[PDB]
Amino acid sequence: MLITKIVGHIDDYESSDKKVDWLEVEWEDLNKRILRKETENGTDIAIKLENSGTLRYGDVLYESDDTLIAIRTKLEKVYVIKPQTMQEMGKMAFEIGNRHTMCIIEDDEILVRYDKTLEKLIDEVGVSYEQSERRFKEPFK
């Protein structure tokens, strides 16, 4: 199926009886215009967005009488880094920046992909972190 435009937002279908076939994408895929990937049900999707438009989490790509195809990012292992002080947030984020590692910084936390080599740097900086799962919902960037 070639997809040239986004046709809705998956939250708007909360009471719909239509079944969702999820197209699961990488964090990198957020805000792309061109993407080729297969859905959880095996439907081949070629996204070639005709607007200067770009993909977001929870966009609906296709609506039939009974089915919705909608985007979400994959559920993946993360570290939630929890600096306690401003100096801590600064040194940690600097070292992440310097490494060119993708992250999301919201309030007093830094979210990064699980990675054992980075875990060793988190320890040099000396910040507490917790390991968890998330679907990345915002583009980087």
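All residue numbers refer to positions in the sequence shown, first residue = 1.
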- [ ] Report the stretch with the higher mean CA temperature factor, choosing between 54-62 and 34-42 on the basis of the entry.
- [x] 34-42
TODO: Give the stretch, out of 64-72 and 99-107, with the larger mean C-alpha temperature factor in the deposited entry.
DONE: 99-107
Task: Third of the chain, ranked by Cα B-factor, where residue 130 sits - done: highest
Open item on the list: Splitting the chain's C-alpha B-factors into thirds, which one does residue 26 fall into?
Closed with: middle
TODO: Taking the values exactly as deposited, rank residue 12 by C-alpha B-factor within its chain and report the matching third: lowest, middle or highest.
DONE: lowest
Open item on the list: Ranking the modelled residues of this chain by C-alpha B-factor as given in the entry, is residue 141 in the lowest, middle or highest third?
Closed with: highest
